[PDB]
Amino acid sequence: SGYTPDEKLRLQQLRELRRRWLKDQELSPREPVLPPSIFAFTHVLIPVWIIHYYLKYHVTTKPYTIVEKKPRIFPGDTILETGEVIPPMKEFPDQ
Amino acid sequence: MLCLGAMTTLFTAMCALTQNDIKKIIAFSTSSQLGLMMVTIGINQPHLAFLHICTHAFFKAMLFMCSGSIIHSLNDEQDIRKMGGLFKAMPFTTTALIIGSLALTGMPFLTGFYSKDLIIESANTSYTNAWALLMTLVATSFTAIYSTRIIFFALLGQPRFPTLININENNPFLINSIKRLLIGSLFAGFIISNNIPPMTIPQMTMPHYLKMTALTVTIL
Amino acid sequence: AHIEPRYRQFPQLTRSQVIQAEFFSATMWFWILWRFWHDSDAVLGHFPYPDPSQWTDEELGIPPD
Amino acid sequence: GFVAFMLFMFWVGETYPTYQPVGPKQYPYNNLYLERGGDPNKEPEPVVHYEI
Amino acid sequence: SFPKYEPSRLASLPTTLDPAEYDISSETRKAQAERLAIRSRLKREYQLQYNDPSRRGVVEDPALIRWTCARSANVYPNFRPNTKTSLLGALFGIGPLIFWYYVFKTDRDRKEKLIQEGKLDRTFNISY
Amino acid sequence: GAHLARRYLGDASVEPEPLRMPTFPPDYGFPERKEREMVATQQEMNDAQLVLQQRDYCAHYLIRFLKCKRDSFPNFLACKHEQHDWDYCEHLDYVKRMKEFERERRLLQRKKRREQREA
Amino acid sequence: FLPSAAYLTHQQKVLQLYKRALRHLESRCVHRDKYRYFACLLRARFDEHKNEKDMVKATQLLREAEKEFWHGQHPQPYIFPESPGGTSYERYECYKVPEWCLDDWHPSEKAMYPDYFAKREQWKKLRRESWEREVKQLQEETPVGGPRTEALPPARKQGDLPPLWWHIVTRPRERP
Amino acid sequence: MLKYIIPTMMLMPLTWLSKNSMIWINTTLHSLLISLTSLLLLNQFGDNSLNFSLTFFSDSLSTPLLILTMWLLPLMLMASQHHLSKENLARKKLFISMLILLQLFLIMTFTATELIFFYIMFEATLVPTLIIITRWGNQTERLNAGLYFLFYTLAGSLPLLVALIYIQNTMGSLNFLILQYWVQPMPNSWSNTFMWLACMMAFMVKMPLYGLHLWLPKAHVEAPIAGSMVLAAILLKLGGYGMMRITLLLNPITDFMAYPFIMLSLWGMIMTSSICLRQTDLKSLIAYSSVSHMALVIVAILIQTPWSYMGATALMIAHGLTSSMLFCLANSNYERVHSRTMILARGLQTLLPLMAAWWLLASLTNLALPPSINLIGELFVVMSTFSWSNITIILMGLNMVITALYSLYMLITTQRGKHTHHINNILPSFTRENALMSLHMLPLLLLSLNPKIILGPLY
Amino acid sequence: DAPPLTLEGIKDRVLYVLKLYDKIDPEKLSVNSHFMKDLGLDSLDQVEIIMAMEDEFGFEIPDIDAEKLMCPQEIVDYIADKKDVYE
Amino acid sequence: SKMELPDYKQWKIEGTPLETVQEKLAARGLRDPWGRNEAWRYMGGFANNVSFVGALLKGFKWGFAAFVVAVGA
């Protein structure tokens, strides 16, 4: 088949208009728009200070608050706080 | 737990075969990995499932990021048809994909060895459902074969992608991110998976063809 | 200058990206080798899985019949 | 048909399990008593294990 | 080599294999021509109401207003209570309601009988 | 394995049903063979906050492994030989459990076929 | 369901069948060389009975061809990432802000962009000046009471712009 | 409480003898000052209620609803221009004074000591709303809507008066304390059953439940924004307030006789959430949303758990704020395009870039976003009803799924995907509409920080 | 994606991949020539030509247009219309 | 704004899958391919791309030497 020539001529007028519009859509005055360590310091010092102030006084004056699963102690250790030994395990054999 | 995990694992494993988009392959792959983690909760081994979460996370973040690099480099055609020739088209992302789709299966001492193969060992050495074992076994074979097919159609074949090519990786942020996660998925699996307190009893006493069976199934 | 597209040809490659690619694949293979031989050998059982328990009758407790 | 087949084989699995040839896990102190629910002096239950 | 492609209410019959498109009457040609005429006249009126630089508001699509007033206000006329309408009304309106009411009676009678015996797990059941 | 095929294809008796293991009583062919040392000092086993279903035979090696692993931390690969010893002791435990299994199996097969064929 | 005609053609229907079957064979058949072999086989299969002088035999072979095509199609065909159903398919529909807007700005933002708004003012004067007589006379002069087609005539009388051009020229760039 | 009654009176001749183009500023400023002074009320402590007379007294149920009323007045009095800004000065003053008088009877109603006084100020609230929606309904069935509103709410509400007179002359006075401290159980006769059915059915009409809910959507889609928001928020939550107060009497027979209302409320909650999934007429979706959430409120009131009453009052206040705001966004889109439909006004992500945030945030407060008050209310109702029966939580979660579905469909229908490119009249968003949105949302988030206020009597 | 395109590039590339085709010749190949009228190739191969441009530039053109291209000038014009090839 | 557009005729039908398939189809009796639009895919930096085991065994070109050095250390 092919184009009817009416479509060819109408299409050519839209080619001229579309290319002139799209060439106009560039802005170019060559002045397009015009008006009419410290990070690590602040973010590892200021929230650390605020939270560590918050966690001593308010938090540990509320009694049932931050609580830790206790350190496991082993039969060869010695207790750092008072100072006394923990009795070692007995003989090994038949392995 | 483990019936549902085995059902998901076989279903999305068989569904991952004959998929011709990248991201849908990766989604079915991660669904199969979550199926193994539901099997890992079905057997009384939660800590191995958590280890698999960590290693899986490193691994498929690296894999998605590499595929996104390729898709933006190749004008977003995004499909496995019209994808082929990318090896030696700068091979940093091909190195990333072969390290990845190597690490998806059980490769004898890489990051994907520890989690997945301790999962299948503790799954085999337990009072299990006797069909879920076979489902996880067959789906390990299936993740081997779609890993091989994603490698073969993504990197190896004759180059089928249209001309005026601008394949580009001379790029700081891309190579820094892929670099950081390959350094992750090579070492951090072992570094995480070794220095933890043993919260369970490791099995460690298997016969023959029950420890070898992971590598046997991936090779076949 | 940075990269430029080229038409109907194999693209050009800077030596930097290909030497980091070769380096990272080679270190992956180096890691699987030095983690295979030197330290673990976990693909083997590492303990001899025995036979049926001892294959010793009159031991472990059975009476003769 | 496929969903019925998968659930049928799961039922066949649930009636026919696998297990490695292995007895119980032998616990030392009265099937690990006093670290179950409790009763500290009510029921010391006499049960022992023997070396084989 | 064909399974004849049975259709359904969800698998639509595609435009290729009708196969009524391949034995054609002249009246169907007349129908397609007049249907093209209707769509051409509607697009002509729409495009003339569409490109006026003086026009400000919306185009006032009459088919959308017609469908909306057909769907909201013009349901209640027309209506007559038929045997089908009454049957389907008393089925969808009262049936499931009386079903869930029966099952709530059953569950509450079981629960109150069971706590009258007292053998529930209310050893501590505080936040009631 | 092969025990599963024998138990699901052969007879119902001579392969023992698991998780109902003690069928014949102990000291049936033992007499006076028992040590069961359990040198693990249960109070200090409570003191080291172990997980349940680990408070078992071969747990003193777990105590020693935990002690060395805590006491030499920044060596990532410090404790190897004691962890190997703990795996060896659990291997001994698994061997002992398998010995219990096949003891009850051989007793059941030989003695029950003796009894139910000469009864 | 097409703008210019009512029925496609017979030849147009065979031609759409050929393009769809060749595209599905592309999607079915990777490595491109066995594709080229099978595509020339398909081209030969059309050539073997292209020159049949009947018409009911032509529609017979067409109908059985649709049967033996719809038997052998492909489930996820490789459609391009601009086609409907594709990977993108108006990906960048996020940014197609139409140009009936941009006149509702504050005059300080209009003072930031002088030249583009001045040239938009002259295009809008070109729209308003040449709207009424020329476009409406060409649209109410040549058609019958029934238009019976959707192709609209070009402006070839003496001068100015074609009728009904504004929302066809001033469409967004499709890659903004 | 007289210190809140009398400046509401004094704010009325303000509107008359303020001059032209100055009535607006004076009424908005002074009603916001009334809102601060209203927020100064919140004194209520522990053991008793607080008594602002033998005539006025405040339970902690009435405090957040009262602050809600005196906070929703200035928001509305700003919300109701641009559709009557071109009308006459006298009709404008009449409309504003009608809203002030409606506030006055709402304060009368929320601080009602006596149930007789509560009934009189209940239907006194009923009076001006008909005049408002009929005179400014801006559609052709506003007559039908106002008339159904009137005869439904009266003909349900009317034998409640007879039951209250009977309680008045069989047990002495009707202060809530001496109705309390004296209330005796009323056994399973039939006259007690009809008294219960009269009172509870009057408030059933007011909420509404499913068999009586077509009362509502005509009165919202055929009404102005002021009547719509006051109608929905304050009138439905006032009905719930009234049921909460009157259910202290009739203790034993509610277990015998309160099963079918639970049933109709649950199944109609499901059917109403299903009917507001497929409709056009964007205004009506929020109306049937309100029907669904107040059916949930009704289930919560008729089961008699303290968890249920806390969840009930939290759900009341949160849904009042959310549905009033979402009505206001619907009116904003209707002022943009004179449509009222839903499939027409498409696009609006590209255009109007800030309005997407308010649509999304209101749709998530309707979604039961988890730190918000709406999920707090719905969650405690689900806890109490699973304590009621172990099987009814399926309907609650199915309501949850369908509620998220239709709310997020309402989001992604009007404001997602493609402008219809034949609209070309919509202007960028004014400061007024966004000021109204910020007056809606920010109290809800600040109550989401600290919800110890809005939990009611059983805190 | 950062490609530059112009009318020169699309004209030369379309004329290139029409020059490479087998059963026509680069001897008599102007920009302005029909397909059926003077080059003398059949409409089946004309749709193969359209398939080649679709598979090269990476986007479908519909068969409501693919009836009626017939000449490389209108091919260059239509794909330059679809991609909006200006700055 | 040059591209320099590397011209036609600088390939032939010599990409060996295209050559074998034109031989098979010429023995079939058609001789009408699309032909020369794919030789750029079958020559250049392409054309003996590596197979599958080579791509995974690409590691130890640098690897065994460093492994032997680390073992000997």
# chains A, B, ... in the order shown; residues from 1 in each chain; ligands from 1
call {"tool": "interface_residues", "arguments": {"of": "chain F", "to": "chain C", "cutoff": "9 Å", "atoms": "only C-alpha atoms", "output": "VMD selection string"}}
result
chain F and resid 27 to 30 87 to 88 91 95 to 96 98 to 103 106 to 107 110 to 111 114
call {"tool": "residues_around", "arguments": {"residues": "segment 7-12 of chain D", "least_positions_apart": "6", "cutoff": "10 Å", "atoms": "only C-alpha atoms", "output": "mmCIF file with C-alpha atoms, in the first residue's frame"}}
result
data_model
loop_
_atom_site.group_PDB
_atom_site.id
_atom_site.type_symbol
_atom_site.label_atom_id
_atom_site.label_comp_id
_atom_site.auth_asym_id
_atom_site.auth_seq_id
_atom_site.Cartn_x
_atom_site.Cartn_y
_atom_site.Cartn_z
ATOM 1 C CA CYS B 3 6.918 -29.454 55.138
ATOM 2 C CA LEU B 4 6.238 -25.838 54.152
ATOM 3 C CA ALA B 6 10.344 -28.221 51.325
ATOM 4 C CA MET B 7 7.211 -27.294 49.360
ATOM 5 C CA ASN B 129 9.788 -36.173 57.216
ATOM 6 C CA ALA B 130 11.658 -38.469 54.734
ATOM 7 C CA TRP B 131 10.345 -36.574 51.694
ATOM 8 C CA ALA B 132 11.457 -33.088 52.681
#
call {"tool": "residues_around", "arguments": {"residues": "residue 80 of chain I", "least_positions_apart": "3", "cutoff": "12 Å", "atoms": "only C-alpha atoms", "output": "list in words"}}
result
residues 15, 18 and 19 of chain A; 173 of chain G; 5, 6, 7, 8, 9, 10, 11, 14, 57, 72, 73, 74, 75, 76, 77, 83, 84, 85 and 86 of chain I
call {"tool": "closest_atom_pairs", "arguments": {"of": "chain G", "to": "chain A", "cutoff": "10 Å", "atoms": "only C-alpha atoms", "output": "JSON lines"}}
result
{"residue": "G:12", "atom": "CA", "partner": "A:1", "partner_atom": "CA", "distance": 9.8}
{"residue": "G:108", "atom": "CA", "partner": "A:36", "partner_atom": "CA", "distance": 7.4}
{"residue": "G:109", "atom": "CA", "partner": "A:36", "partner_atom": "CA", "distance": 8.8}
{"residue": "G:111", "atom": "CA", "partner": "A:36", "partner_atom": "CA", "distance": 8.0}
{"residue": "G:112", "atom": "CA", "partner": "A:34", "partner_atom": "CA", "distance": 5.8}
{"residue": "G:113", "atom": "CA", "partner": "A:32", "partner_atom": "CA", "distance": 6.6}
{"residue": "G:114", "atom": "CA", "partner": "A:32", "partner_atom": "CA", "distance": 8.7}
{"residue": "G:115", "atom": "CA", "partner": "A:29", "partner_atom": "CA", "distance": 7.2}
{"residue": "G:116", "atom": "CA", "partner": "A:27", "partner_atom": "CA", "distance": 6.2}
{"residue": "G:117", "atom": "CA", "partner": "A:27", "partner_atom": "CA", "distance": 9.8}
{"residue": "G:119", "atom": "CA", "partner": "A:24", "partner_atom": "CA", "distance": 7.6}
{"residue": "G:120", "atom": "CA", "partner": "A:24", "partner_atom": "CA", "distance": 8.6}
{"residue": "G:123", "atom": "CA", "partner": "A:21", "partner_atom": "CA", "distance": 8.7}
{"residue": "G:151", "atom": "CA", "partner": "A:7", "partner_atom": "CA", "distance": 7.6}
{"residue": "G:152", "atom": "CA", "partner": "A:7", "partner_atom": "CA", "distance": 8.2}
{"residue": "G:153", "atom": "CA", "partner": "A:6", "partner_atom": "CA", "distance": 6.4}
{"residue": "G:154", "atom": "CA", "partner": "A:10", "partner_atom": "CA", "distance": 4.4}
{"residue": "G:155", "atom": "CA", "partner": "A:10", "partner_atom": "CA", "distance": 7.1}
{"residue": "G:156", "atom": "CA", "partner": "A:9", "partner_atom": "CA", "distance": 8.3}
{"residue": "G:160", "atom": "CA", "partner": "A:13", "partner_atom": "CA", "distance": 9.6}
{"residue": "G:161", "atom": "CA", "partner": "A:13", "partner_atom": "CA", "distance": 7.3}
{"residue": "G:162", "atom": "CA", "partner": "A:13", "partner_atom": "CA", "distance": 6.8}
{"residue": "G:163", "atom": "CA", "partner": "A:10", "partner_atom": "CA", "distance": 9.2}
{"residue": "G:165", "atom": "CA", "partner": "A:14", "partner_atom": "CA", "distance": 7.5}
{"residue": "G:166", "atom": "CA", "partner": "A:17", "partner_atom": "CA", "distance": 9.6}
{"residue": "G:168", "atom": "CA", "partner": "A:14", "partner_atom": "CA", "distance": 8.4}
{"residue": "G:169", "atom": "CA", "partner": "A:18", "partner_atom": "CA", "distance": 5.2}
{"residue": "G:170", "atom": "CA", "partner": "A:21", "partner_atom": "CA", "distance": 7.2}
{"residue": "G:171", "atom": "CA", "partner": "A:18", "partner_atom": "CA", "distance": 9.1}
{"residue": "G:172", "atom": "CA", "partner": "A:22", "partner_atom": "CA", "distance": 9.4}
{"residue": "G:173", "atom": "CA", "partner": "A:22", "partner_atom": "CA", "distance": 8.2}
call {"tool": "write_last_selection", "arguments": {"atoms": "N, CA, C and O atoms", "output": "compact mmCIF listing (two decimals), in the first residue's frame"}}
result
# COMPACT_ATOMS: atom_id res chain seq x y z
N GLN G 12 -2.94 -7.78 4.89
CA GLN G 12 -2.52 -7.20 6.16
C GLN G 12 -2.62 -8.20 7.30
O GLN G 12 -1.76 -8.22 8.19
N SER G 108 8.36 35.64 39.79
CA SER G 108 9.80 35.62 40.06
C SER G 108 10.47 34.45 39.36
O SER G 108 11.56 34.60 38.78
N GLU G 109 9.83 33.28 39.39
CA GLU G 109 10.30 32.15 38.59
C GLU G 109 10.19 32.44 37.10
O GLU G 109 11.00 31.95 36.31
N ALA G 111 10.75 35.42 36.09
CA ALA G 111 11.88 36.32 35.93
C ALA G 111 13.21 35.59 35.95
O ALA G 111 14.23 36.18 35.61
N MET G 112 13.22 34.31 36.34
CA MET G 112 14.44 33.53 36.22
C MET G 112 14.69 33.05 34.79
O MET G 112 15.85 32.88 34.40
N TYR G 113 13.63 32.83 34.00
CA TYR G 113 13.73 32.26 32.66
C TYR G 113 13.10 33.22 31.66
O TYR G 113 11.94 33.04 31.26
N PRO G 114 13.83 34.25 31.22
CA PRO G 114 13.21 35.25 30.35
C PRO G 114 12.95 34.79 28.92
O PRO G 114 11.83 34.98 28.40
N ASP G 115 13.94 34.16 28.29
CA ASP G 115 13.88 33.92 26.85
C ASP G 115 12.90 32.81 26.50
O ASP G 115 12.16 32.92 25.51
N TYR G 116 12.88 31.75 27.30
CA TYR G 116 11.97 30.64 27.03
C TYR G 116 10.52 31.05 27.22
O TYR G 116 9.65 30.65 26.45
N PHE G 117 10.25 31.90 28.21
CA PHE G 117 8.89 32.36 28.40
C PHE G 117 8.48 33.38 27.35
O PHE G 117 7.31 33.41 26.96
N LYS G 119 9.53 33.26 24.21
CA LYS G 119 9.26 32.47 23.01
C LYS G 119 8.03 31.60 23.19
O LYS G 119 7.32 31.32 22.21
N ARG G 120 7.71 31.20 24.42
CA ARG G 120 6.43 30.54 24.66
C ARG G 120 5.28 31.52 24.46
O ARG G 120 4.21 31.13 23.96
N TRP G 123 4.79 31.67 20.69
CA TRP G 123 4.08 30.47 20.23
C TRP G 123 2.62 30.48 20.64
O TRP G 123 1.76 30.02 19.88
N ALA G 151 -8.52 10.46 9.16
CA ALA G 151 -7.43 11.25 8.61
C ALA G 151 -7.91 12.67 8.36
O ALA G 151 -8.92 12.89 7.69
N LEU G 152 -7.18 13.65 8.89
CA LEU G 152 -7.62 15.03 8.76
C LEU G 152 -6.75 15.76 7.73
O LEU G 152 -5.56 15.46 7.61
N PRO G 153 -7.31 16.70 6.98
CA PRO G 153 -6.61 17.23 5.81
C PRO G 153 -5.51 18.19 6.20
O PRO G 153 -5.61 18.90 7.21
N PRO G 154 -4.44 18.25 5.41
CA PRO G 154 -3.39 19.25 5.63
C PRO G 154 -3.86 20.64 5.26
O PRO G 154 -4.88 20.84 4.59
N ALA G 155 -3.08 21.63 5.69
CA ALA G 155 -3.34 23.02 5.32
C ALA G 155 -2.52 23.33 4.08
O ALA G 155 -1.31 23.56 4.16
N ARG G 156 -3.18 23.34 2.93
CA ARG G 156 -2.53 23.59 1.66
C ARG G 156 -3.17 24.74 0.90
O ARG G 156 -2.80 24.98 -0.26
N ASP G 160 -1.06 29.19 6.51
CA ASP G 160 -0.65 28.86 7.86
C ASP G 160 -0.79 27.39 8.25
O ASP G 160 -0.87 26.50 7.40
N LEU G 161 -0.79 27.18 9.56
CA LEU G 161 -0.54 25.89 10.19
C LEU G 161 -1.64 24.88 9.87
O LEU G 161 -2.77 25.27 9.53
N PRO G 162 -1.34 23.58 9.94
CA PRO G 162 -2.37 22.56 9.79
C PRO G 162 -3.38 22.61 10.92
O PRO G 162 -3.08 23.13 12.00
N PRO G 163 -4.59 22.10 10.70
CA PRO G 163 -5.59 22.12 11.77
C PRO G 163 -5.29 21.09 12.83
O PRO G 163 -4.78 20.00 12.54
N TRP G 165 -3.21 20.97 15.72
CA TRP G 165 -1.80 20.62 15.79
C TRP G 165 -1.22 20.75 17.18
O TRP G 165 -0.10 20.29 17.40
N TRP G 166 -1.94 21.38 18.12
CA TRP G 166 -1.29 21.88 19.33
C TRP G 166 -0.89 20.76 20.27
O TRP G 166 0.28 20.63 20.64
N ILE G 168 -0.46 17.78 19.53
CA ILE G 168 0.36 16.79 18.86
C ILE G 168 1.79 17.28 18.70
O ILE G 168 2.74 16.52 18.89
N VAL G 169 1.97 18.57 18.40
CA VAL G 169 3.30 19.16 18.40
C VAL G 169 3.84 19.26 19.82
O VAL G 169 4.90 18.71 20.14
N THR G 170 3.11 19.93 20.70
CA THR G 170 3.63 20.19 22.05
C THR G 170 3.36 19.01 22.99
O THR G 170 2.68 19.13 24.01
N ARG G 171 3.93 17.87 22.64
CA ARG G 171 3.98 16.70 23.51
C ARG G 171 5.37 16.58 24.12
O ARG G 171 6.34 17.12 23.59
N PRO G 172 5.50 15.92 25.28
CA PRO G 172 6.81 15.82 25.94
C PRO G 172 7.80 14.97 25.16
O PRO G 172 7.46 14.22 24.24
N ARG G 173 9.07 15.09 25.56
CA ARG G 173 10.19 14.61 24.75
C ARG G 173 10.37 13.10 24.76
O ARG G 173 11.24 12.61 24.04
call {"tool": "residues_around", "arguments": {"residues": "residue 16 of chain J", "least_positions_apart": "6", "cutoff": "10 Å", "atoms": "only C-alpha atoms", "output": "MDAnalysis selection string"}}
result
chainID J and resid 22 39 42:43 47
call {"tool": "write_last_selection", "arguments": {"atoms": "C-alpha atoms", "output": "short mmCIF file (atom, residue, chain, number, x, y, z; two decimals), in the first residue's frame"}}
result
data_model
loop_
_atom_site.label_atom_id
_atom_site.label_comp_id
_atom_site.auth_asym_id
_atom_site.auth_seq_id
_atom_site.Cartn_x
_atom_site.Cartn_y
_atom_site.Cartn_z
CA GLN J 22 24.47 -21.28 4.68
CA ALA J 39 29.46 -11.17 11.01
CA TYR J 42 31.04 -13.31 14.81
CA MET J 43 34.39 -11.51 14.50
CA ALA J 47 34.81 -15.18 18.01
#
call {"tool": "residues_around", "arguments": {"residues": "residue 41 of chain F", "least_positions_apart": "6", "cutoff": "9 Å", "atoms": "only C-alpha atoms", "output": "list in words"}}
result
residues 89 and 90 of chain A; 60 of chain F
call {"tool": "write_last_selection", "arguments": {"atoms": "N, CA, C and O atoms", "output": "PDB file, in the first residue's frame"}}
result
ATOM      1  N   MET A  89      38.200 -28.170  87.823  1.00  0.00           N
ATOM      2  CA  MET A  89      37.583 -29.451  87.544  1.00  0.00           C
ATOM      3  C   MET A  89      38.578 -30.571  87.855  1.00  0.00           C
ATOM      4  O   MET A  89      39.795 -30.369  87.866  1.00  0.00           O
ATOM      5  N   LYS A  90      38.045 -31.764  88.114  1.00  0.00           N
ATOM      6  CA  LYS A  90      38.835 -32.901  88.575  1.00  0.00           C
ATOM      7  C   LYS A  90      39.587 -33.592  87.441  1.00  0.00           C
ATOM      8  O   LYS A  90      39.812 -32.997  86.384  1.00  0.00           O
TER       9      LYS A  90
ATOM     10  N   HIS F  60      32.748 -31.183  79.858  1.00  0.00           N
ATOM     11  CA  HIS F  60      33.962 -30.597  80.409  1.00  0.00           C
ATOM     12  C   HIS F  60      34.889 -30.091  79.313  1.00  0.00           C
ATOM     13  O   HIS F  60      35.556 -29.062  79.489  1.00  0.00           O
TER      14      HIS F  60
END
call {"tool": "select_by_dssp", "arguments": {"residues": "segment 15-213 of chain B", "states": "alpha helix (DSSP H)", "output": "PyMOL selection string"}}
result
chain B and resi 15-16+22-42+46-73+92-103+111-124+132-151+172-183+189-194+213
call {"tool": "interface_residues", "arguments": {"of": "chain B", "to": "chain G", "cutoff": "10 Å", "atoms": "only C-alpha atoms", "output": "PyMOL selection string"}}
result
chain B and resi 18-21+75-84+153+157-160
call {"tool": "interface_residues", "arguments": {"of": "chain J", "to": "chain I", "cutoff": "12 Å", "atoms": "only C-alpha atoms", "output": "VMD selection string"}}
result
chain J and resid 1 to 13 31 to 40
call {"tool": "write_last_selection", "arguments": {"atoms": "N, CA and C atoms", "output": "short mmCIF file (atom, residue, chain, number, x, y, z; two decimals), in the first residue's frame"}}
result
data_model
loop_
_atom_site.label_atom_id
_atom_site.label_comp_id
_atom_site.auth_asym_id
_atom_site.auth_seq_id
_atom_site.Cartn_x
_atom_site.Cartn_y
_atom_site.Cartn_z
N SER J 1 30.93 16.32 15.04
CA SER J 1 30.37 15.22 15.83
C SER J 1 30.52 13.90 15.09
N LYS J 2 31.76 13.46 14.91
CA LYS J 2 32.03 12.27 14.12
C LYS J 2 31.72 11.01 14.92
N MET J 3 31.51 9.92 14.18
CA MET J 3 31.35 8.60 14.76
C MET J 3 32.25 7.65 13.98
N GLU J 4 32.50 8.03 12.72
CA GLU J 4 33.40 7.46 11.72
C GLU J 4 32.91 6.15 11.12
N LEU J 5 31.88 5.52 11.72
CA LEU J 5 30.95 4.53 11.18
C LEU J 5 31.62 3.45 10.33
N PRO J 6 32.25 2.45 10.94
CA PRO J 6 33.03 1.46 10.18
C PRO J 6 32.18 0.71 9.15
N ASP J 7 32.65 0.76 7.91
CA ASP J 7 31.82 0.59 6.73
C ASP J 7 31.42 -0.86 6.52
N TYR J 8 30.66 -1.10 5.45
CA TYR J 8 30.32 -2.45 5.06
C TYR J 8 31.49 -3.07 4.32
N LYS J 9 31.29 -4.30 3.84
CA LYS J 9 32.18 -5.14 3.03
C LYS J 9 33.51 -5.47 3.70
N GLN J 10 33.74 -5.00 4.92
CA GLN J 10 34.95 -5.34 5.64
C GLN J 10 34.77 -6.61 6.46
N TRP J 11 33.61 -7.24 6.35
CA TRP J 11 33.42 -8.65 6.64
C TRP J 11 32.85 -9.34 5.41
N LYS J 12 32.98 -10.66 5.40
CA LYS J 12 32.28 -11.50 4.45
C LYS J 12 31.45 -12.51 5.23
N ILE J 13 30.88 -13.46 4.50
CA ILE J 13 30.20 -14.57 5.15
C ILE J 13 31.24 -15.61 5.52
N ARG J 31 19.01 -20.77 -0.46
CA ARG J 31 20.08 -19.82 -0.80
C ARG J 31 19.69 -18.36 -0.59
N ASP J 32 18.68 -18.07 0.23
CA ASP J 32 18.21 -16.70 0.43
C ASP J 32 18.22 -16.34 1.92
N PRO J 33 19.39 -16.03 2.48
CA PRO J 33 19.43 -15.68 3.89
C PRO J 33 19.25 -14.19 4.11
N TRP J 34 19.32 -13.77 5.37
CA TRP J 34 19.59 -12.38 5.66
C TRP J 34 21.08 -12.10 5.58
N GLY J 35 21.88 -13.06 6.00
CA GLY J 35 23.30 -13.04 5.73
C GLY J 35 24.14 -12.10 6.57
N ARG J 36 24.64 -11.05 5.94
CA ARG J 36 25.84 -10.37 6.40
C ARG J 36 25.60 -9.39 7.54
N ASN J 37 24.49 -9.46 8.26
CA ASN J 37 24.25 -8.53 9.34
C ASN J 37 24.73 -9.05 10.69
N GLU J 38 25.43 -10.17 10.72
CA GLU J 38 25.79 -10.83 11.97
C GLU J 38 27.27 -11.17 12.04
N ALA J 39 28.04 -10.87 10.99
CA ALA J 39 29.46 -11.17 11.01
C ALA J 39 30.22 -10.29 11.99
N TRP J 40 29.70 -9.09 12.30
CA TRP J 40 30.32 -8.29 13.34
C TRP J 40 30.12 -8.93 14.71
#
call {"tool": "residues_around", "arguments": {"residues": "residue 146 of chain B", "least_positions_apart": "2", "cutoff": "12 Å", "atoms": "only C-alpha atoms", "output": "PyMOL selection string"}}
result
chain B and resi 12-20+22+24-26+28-29+32+101-102+104-105+139-144+148-154+218
call {"tool": "residues_around", "arguments": {"residues": "segment 143-160 of chain H", "least_positions_apart": "2", "cutoff": "6 Å", "atoms": "only C-alpha atoms", "output": "ChimeraX atom specification"}}
result
/H:130,141,162-163,198-199,202,205,215,218-219
call {"tool": "atom_distance", "arguments": {"atom1": "atom CA of residue 121 of chain B", "atom2": "atom CA of residue 202 of chain B"}}
result
9.7 Å
call {"tool": "interface_residues", "arguments": {"of": "chain J", "to": "chain C", "cutoff": "6 Å", "atoms": "only C-alpha atoms", "output": "list in words"}}
result
residues 45, 59, 60, 62 and 63 of chain J
